[PDB]
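Here's the structure we're looking at; comments come further down.
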Amino acid sequence: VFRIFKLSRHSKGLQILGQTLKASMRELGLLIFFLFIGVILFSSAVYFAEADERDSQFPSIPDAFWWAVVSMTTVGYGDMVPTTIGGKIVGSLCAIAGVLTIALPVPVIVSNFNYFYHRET
Amino acid sequence: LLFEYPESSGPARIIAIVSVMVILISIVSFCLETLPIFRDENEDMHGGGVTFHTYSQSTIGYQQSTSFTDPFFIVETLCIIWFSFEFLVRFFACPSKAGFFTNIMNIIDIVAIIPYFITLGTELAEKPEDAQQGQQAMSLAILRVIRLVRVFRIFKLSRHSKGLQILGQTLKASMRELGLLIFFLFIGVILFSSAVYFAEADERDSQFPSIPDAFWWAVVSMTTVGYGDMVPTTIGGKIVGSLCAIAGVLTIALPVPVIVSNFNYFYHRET
Ligand SMILES: [K+]
């Protein structure tokens, strides 16, 4: 899987992508950290709010965690979906929270990348 | 006490890494325990079936498998107590009564324990006449609080989590911007649901009309989640899909730059 990477000596963009990430870690570390908190929270409510009526998105937390991550990144594979009413708000508040939190660490990483790409060029 | 606060809030030492670890290990624990309420029970099975002499004594099993939560109750019992010991020490600080300035960290702290502690008394939530009249089968108080409360536990992290302090300050001081987003989204959602309603149900079986169901679709389609649970086989919603999805991204993108900016000044700051 790792083989691809080597390319970066004949790939300037990768040198640029690297320098950003290696020097942009705290910003990236926050994103995933925030996402973690979000994911956990938004999973535990749907749990408390769905399983009463039968067959909906399998409760057990590490399965509702799949849904939460997905719904936010706004991927929504549709593998997890609730026929119920309680998760209706969650869908709303979660999806909203995703875009908010996801958009947060973007401008910084992007900015770093802009100075770095503009540079070796 | 000027030497216990060294052990308490302020300095960076062993006790801070342990508390965050209790939180994390604790969260992981409750998580896994809540999954299979019944341990190692789904597999080879049987029941009350008349086929032959077999259904008679049905193999319910008389010594099957141990059922236990003591050690995890230990996770909860021991955490709440350190919470209270410390929080109780945190009183050897400075006190008052309010609901605004004081300390949201202390409110959040108390909010995780007081529920589990409370839940242990069989009941004491005599709430409403019509409800209490017959608490009958109702674990309603337990239904409401027990899960909201434990959901809340994660938050505490924010004293050892700067990003959360930053996320907070933004939101608390960025409310009007956030309030507009949801308000705009509301207007959008409602509107975009009522047209599809007028435009879909003529031919049969499409996305269940009734407005609070088309509202699910509208919110989803915009946030651009599109679970595919609601989709129309029809032609009228075709434009709506277009105009709605377009409107979503437009409206959603609007309150982003402000909240982000606030966050940038706040994150850049404590740093
Ligand atoms: K986007």
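First to last, the sequence lines map onto chains E and B.
Here UniProt numbering runs 300 ahead of the position in the first sequence, where the first position is 1.
Here UniProt numbering runs 150 ahead of the position in the second sequence, where the first position is 1.
Using N, Cα and C, we set each Cβ at its ideal position, and we do this for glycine too.
Residue from the options with nearest C-alpha to residue i
i	options	result
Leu328/E	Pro405/E, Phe413/E, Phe416/E and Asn412/E	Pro405/E
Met171/B	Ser289/B, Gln319/B and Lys306/B	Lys306/B
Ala368/B	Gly391/E, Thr383/E and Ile409/E	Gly391/E
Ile396/B	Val410/B, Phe416/B, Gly338/B and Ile361/B	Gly338/B
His418/E	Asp379/E, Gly376/E and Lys312/E	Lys312/E
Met255/B	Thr209/B, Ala275/B and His310/B	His310/B
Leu317/B	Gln283/B, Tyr415/B and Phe180/B	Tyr415/B
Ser169/B	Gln214/B, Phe233/B and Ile187/B	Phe233/B
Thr219/B	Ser159/B, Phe188/B and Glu279/B	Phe188/B
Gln214/B	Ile175/B, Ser206/B and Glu193/B	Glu193/B
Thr373/E	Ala323/B, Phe413/B, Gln319/B and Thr373/B	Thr373/B
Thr421/B	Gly398/B, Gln315/B, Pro362/B and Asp355/B	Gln315/B
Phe342/B	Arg354/B, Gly386/B, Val410/B and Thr269/B	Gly386/B
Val295/B	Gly284/B, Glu273/B and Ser308/B	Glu273/B
residue 457/B	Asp379/B, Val408/B, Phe333/B and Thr384/B	Not covered by the structure: residue 457/B. The range shown for chain B is 151 to 421.
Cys181/B	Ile340/E, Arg326/E and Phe336/E	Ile340/E
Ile230/B	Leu151/B, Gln285/B and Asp259/B	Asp259/B
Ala262/B	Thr227/B, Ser289/B, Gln286/B and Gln282/B	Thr227/B
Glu154/B	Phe222/B, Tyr205/B, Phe235/B and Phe223/B	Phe235/B
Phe223/B	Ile210/B, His203/B, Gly284/B and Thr184/B	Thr184/B
Same chain only: Cβ atoms within 8 Å of residue i, ignoring 5 sequence neighbours per side
i	result
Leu331/E	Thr401, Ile402, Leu404 and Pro405
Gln357/B	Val346, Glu350, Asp363, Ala364, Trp367, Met380, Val381, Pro382 and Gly387
residue 423/B	Residue coverage of chain B in this structure runs from 151 to 421, which leaves residue 423/B outside it and unanswerable.
Contact set for residue i: own chain, Cβ-Cβ below 7 Å, skip 5 residues either direction
i	result
residue 425/B	This structure cannot settle anything about residue 425/B, because the visible part of chain B is limited to 151 through 421.
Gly376/B	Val370
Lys277/B	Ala291
Contacts around residue i, its chain only, beta-carbon distance under 6 Å, and the 5 residues preceding and following it disregarded
i	result
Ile264/B	none
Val225/B	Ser176 and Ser179
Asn412/E	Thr320 and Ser324
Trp366/B	none
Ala364/B	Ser343, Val346 and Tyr347
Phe334/B	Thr401
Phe237/B	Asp259
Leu151/B	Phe242
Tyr205/B	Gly199
Near ligand 2: residue i beta-carbon under 8 Å from a heavy atom
i	result
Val399/B	In terms of ligand content, the structure shown lacks ligand 2 and carries ligand 1 instead.
Practice problem: Pair every Cβ in the region 348 to 357 of chain E with every Cβ in the region 346 to 365 of chain B, then say whether three or more of these pairs are closer than 8 Å. | Solution: No, they do not touch.
Self-check item: Those runs of the alpha helix (DSSP H) which lie wholly inside the region 338 to 403 of chain B and span at least 4 residues
Solution: Listed in chain order, the complete alpha helix (DSSP H) runs (minimum 4 residues) inside the region 338 to 403 of chain B are 361 to 372 and 387 to 403.
Self-check item: Segments assigned alpha helix (DSSP H), at least 4 residues, entirely inside the region 297 to 327 of chain B
Solution: DSSP runs (the alpha helix (DSSP H)) wholly in the region 297 to 327 of chain B: 312 to 323.
Practice problem: Determine contact between the region 379 to 394 of chain B and the region 286 to 303 of chain B, defined as no fewer than three beta-carbon pairs at a distance below 8 Å. | Solution: In short, these stretches do not touch, since the Cβ pair count stays below three.
Self-check item: Cβ contact check for the region 237 to 256 of chain B and the region 198 to 218 of chain B: 3 or more pairs under 8 Å
Solution: Too few Cβ pairs lie closer than 8 Å, so no.
Quiz item: Are three or more beta carbon pairs between the region 157 to 167 of chain B and the region 179 to 194 of chain B nearer than 8 Å?
Solution: No: fewer than three Cβ pairs fall under 8 Å.
Practice problem: Mind listing, in chain order, the continuous alpha helix (DSSP H) runs of no fewer than 4 residues lying wholly within the region 245 to 307 of chain B? | Solution: Counting only runs that start and end inside the region 245 to 307 of chain B, the alpha helix (DSSP H) elements of at least 4 residues fall at 254 to 269, 279 to 282 and 290 to 302.
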